Amino acid sequence: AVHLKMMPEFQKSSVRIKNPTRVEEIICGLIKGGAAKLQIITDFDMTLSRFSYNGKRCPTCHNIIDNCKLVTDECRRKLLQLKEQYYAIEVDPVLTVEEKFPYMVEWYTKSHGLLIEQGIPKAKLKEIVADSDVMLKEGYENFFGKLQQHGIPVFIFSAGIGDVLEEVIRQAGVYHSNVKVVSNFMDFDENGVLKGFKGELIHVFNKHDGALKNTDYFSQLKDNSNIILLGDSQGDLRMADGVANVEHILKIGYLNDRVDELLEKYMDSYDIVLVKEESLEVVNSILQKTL
Ligand SMILES: [Pb+2]
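Further remarks concern helix α10 (residues 259–269). Here α10 has its buried residues at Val259, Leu262, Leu263, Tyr266 and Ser269. Along α10, the residues classed as buried sweep out an arc of 145° about the axis, all on the same side. Exposed positions of α10 whose direction lies more than 90 degrees from the buried face are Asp260, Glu264 and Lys265. Against the buried residues of α10 lie β1 (15–16), β8 (248–255) and β9 (272–275).

Written out as structure tokens, the structure reads:
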């Protein structure tokens, strides 16, 4: 039986849970199914990576390029201006989520376009990443490590830059065979220089589309009908729309930002809400009982 009161990880004051009996019920299903039924579906930026460190604001995948030695101060000035005008839209309370899609497409297209101008070589990503201030959440070795040890599928589903994301996890030692990455991948020219992006754009609001266009992945995993989903946004709740059959799904949300405004909405939509939390120990605690 599961008792959240007897799990010291769940007592941390950052842990918010609207409906604990329900959460206990889901975690109980997870444990019953064991490794054989489990898979993980997860965002990356600010979910598997830190929102802030000591006492500092950490980079997203996109920020890593924004801030590197290959990008001019004027290009960063333009990128910042883009952020200021489009982030106001993203967080606009009057506009419907659907109204925001065209704007989000414009933002990722424009900002990607500025980086294509800067001339980013694939060869240089390794060093750019090594030099960056990127940080994985506390407990990531264990997270990725228990998962790989048990062969649990991990679908990292990111609106960031896939090449960057992969280099971060590769340099961290945790890009194992069980880890599949779906993101915005860079398209390179004859000289190995960035010239555009592959596929359809993934942004914060359209993860349902991507989730459905990954049929091959999810149908090989028919038997993994127990899911842990981790996300930092309302948009991330759609990441599991492609899943063949669901028996138990647990949705864990990192609330990093806009805490007062969004807490009630996050508590309503995610089963567990983690408020300004820089570690993976709640999820590690559930894997410990499960695997
Ligand atoms: Pb997200």
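Now, onward.
Sheet architecture is open: seven strands sit in the order β1-β9-β8-β7-β2-β3-β4, paired in mixed fashion. Each edge of the open sheet is held by one strand with a lone partner, namely β1 and β4 (179–184). Summarising the sheet, strand β2 (residues 38–42) and strand β7 (residues 226–231) pair through five bridges and their orientation is parallel. By the bridge assignment, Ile41 is partnered in β7 with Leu229.

Structurally, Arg258 is set in the loop between β8 and α10. Remark: the alpha-carbon pair of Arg258 and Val91, spanning 167 residues in sequence, is separated by 9.3 Å. When near neighbours in sequence (up to four residues on either side) are disregarded, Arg258 contacts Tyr87 and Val91. Separated by 2.8 Å, the side chains of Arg258 and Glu261 make a polar contact.

Moving on: the packing of helix α6 (residues 140–150) against helix α11 (residues 281–290). Close contact between α6 and α11 brings their axes to 9 Å; oriented N to C, the two are set at 25°. As the angle between them shows, α6 and α11 are arranged roughly parallel. The interaxial crossing formed by α6 with α11 has left-handed handedness. Where α6 abuts α11, its residues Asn142, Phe143 and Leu147 lie against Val283, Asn284 and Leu287. Taken together, the residues of the contact of α6 with α11 break down into four nonpolar, two polar and no charged.

UniProt tags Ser158, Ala159, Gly160 and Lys207 as "binding site: substrate". These annotated residues cover 50 residues of sequence, and their C-alpha atoms all fall within 12.2 Å of one another, placing them together at a single site. Along the chain, the position of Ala159 falls in strand β3 (residues 154–161). A relative accessible area of 15% places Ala159 in the buried class. Setting aside chain neighbours within four positions, we find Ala159 in contact with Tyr108, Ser183, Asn184, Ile202, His203, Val204 and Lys207.

Turning to the packing of aromatic side chains, a few remarks are in order. All told, the structure shown has nine aromatic pairs when counted by the stated rule. Considering the side-chain rings of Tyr217 and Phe218, the 4.8 Å spacing of their centres and the 85° angle between planes classify their relative orientation as edge-to-face. No difference in accessibility class separates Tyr217 from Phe218, as the two residues are buried. These aromatic residues form a ring-pair network of at least three members: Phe155, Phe157, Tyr217 and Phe218. One residue, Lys83, lies across the ring of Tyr87, its end atom 4.2 Å from the ring centre. Positioned above the aromatic ring of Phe157 is the side chain of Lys207, whose terminal nitrogen or guanidinium carbon lies 5.4 Å from the ring centre.

Cut-offs used in this document
- Residues numbered from 1 in each chain as written, not as in the entry; some residues may be left out.
- Heavy atoms only, no water.
- Buried < 20%, exposed > 50% of the residue type's maximum accessible area, 1.4 Å probe, protein only.
- Helix = DSSP H or I, 4+ residues; strand = E, 2+ residues; numbered from the N terminus.
- Arc of directions from axis to C-beta.
- Contact = heavy atoms within 4.5 Å.
- Pairing = 2+ DSSP bridges.
- Polar contact = N/O pair within 3.5 Å; in protein donor to acceptor, adjacent residues only side chain to side chain.
- Axes fitted to C-alpha atoms, helices over the stretch in contact; angles between N-to-C directions.
- Parallel < 35°, antiparallel > 145°, perpendicular 65-115°, else oblique.
- Left-handed = near helix turned anticlockwise from the far one by under 90°.
- Nonpolar A, V, L, I, M, F, W, Y, C, P; charged D, E, K, R; others polar.
- UniProt positions renumbered as here; feature names shortened; annotations may be inferred.
- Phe/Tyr/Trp six-rings, centres within 6.5 Å; stacked < 30°, edge-to-face > 60°.
- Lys NZ or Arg CZ within 6 Å of the ring centre and 35° of its normal.

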